[PDB]
Asker: 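Handing you a structure now.
Residue numbers start from 1 in every chain, and the chains themselves are labelled A, B, ... in the order their sequence lines are given, proteins ahead of strands. Every heavy atom of this structure was used, including side-chain atoms; hydrogens, water molecules and symmetry mates were not.
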Amino acid sequence: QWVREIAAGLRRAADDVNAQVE
Amino acid sequence: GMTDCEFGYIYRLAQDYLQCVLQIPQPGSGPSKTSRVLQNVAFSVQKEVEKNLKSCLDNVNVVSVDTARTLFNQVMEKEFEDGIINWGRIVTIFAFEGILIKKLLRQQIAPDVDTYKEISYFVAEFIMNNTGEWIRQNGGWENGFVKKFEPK
């Protein structure tokens, strides 16, 4: 079940990056 | 330039990042300007992910290159399933290979000093095949990523 949990966490971390530089 | 979306350039970025995590960067001039910018942002992301996902990352036992590739591909497929590509998601690919190399350093059954070259290889395959068109259309590493992420 943790495969999907990791992927969801990466999507969230990516959004934090985008919010900063955009 | 336009060719920085081809395999060799991407593989060098992926390998450079793992050498940064492992504290064994190449000698001489060392990493390019792109790598230097990428390593700071990817490492910042990596530390946040390691903290925020500590519990579910404890479930993974990365015992070999093959299991690292399987997990990488499974996670990437789920991360990118919606078809959206952007620089923040690309940065998380590097952060995640950094997590994998750290788990392997501790868990790999048959450790081999070349392992980081194999991990970064399948990372480059994914980036090139699944994000390379978007990267090119958005200015590549030089006119896209570095322009947006280099210091203010």
Asker: Hey, which of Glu22(A), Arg4(A), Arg12(A), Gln20(A) has the most heavy atom pairs under 4.5 Å with chain B?
Answerer: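 Max contact count across the listed options: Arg12(A).
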
Asker: May I ask you to say whether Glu142(B) pairs ionically with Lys33(B), meaning some side-chain N is under 4.0 Å from a carboxylate O?
Answerer: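 Judged by the 4.0 Å cut-off on N to carboxylate O distance, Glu142(B) and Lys33(B) do not form a salt bridge.
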
Asker: Could you tell me the separation between the CG atom of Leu22(B) and the OH atom of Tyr116(B), rounded to the nearest 0.5 Å?
Answerer: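 It is 8.0 Å, given to the nearest 0.5 Å.
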
Asker: Just verifying a value: how many Å separate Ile119(B) CD1 and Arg69(B) CZ, rounded to the nearest 0.5 Å?
Answerer: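 The distance works out to 7.5 Å.
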
Asker: May I ask you to name which of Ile93(B), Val45(B), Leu71(B) has the most heavy-atom pairs under 4.5 Å with chain A?
Answerer: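 Greatest number of close heavy-atom pairs with chain A: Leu71(B).
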
Asker: On the 0 to 90° scale, with breaks at 30° and 60°, tag the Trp87(B)-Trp134(B) ring pair as parallel, tilted or perpendicular.
Answerer: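 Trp87(B) vs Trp134(B) ring planes: perpendicular.
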
Asker: Looking only at heavy atoms and a cut-off of under 4.5 Å, which of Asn59(B), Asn52(B), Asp82(B) has the most pairs with chain A?
Answerer: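 Winner by heavy-atom pair count: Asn59(B).
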
Asker: Taking the six-membered ring where the residue is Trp, are the ring centres of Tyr121(B) and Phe7(B) under 6.0 Å apart?
Answerer: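 Yes - the distance between ring centres of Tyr121(B) and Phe7(B) falls below the 6.0 Å cut-off.
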
Asker: Side chain, backbone, both or neither: which part of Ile84(B) has an atom under 4.5 Å from a heavy atom of chain A?
Answerer: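 Neither; nothing under 4.5 Å.
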
Asker: Heavy-atom pairs under 4.5 Å with chain B are the metric here; pick the option from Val3(A), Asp15(A), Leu10(A) that has the most.
Answerer: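 That would be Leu10(A).
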
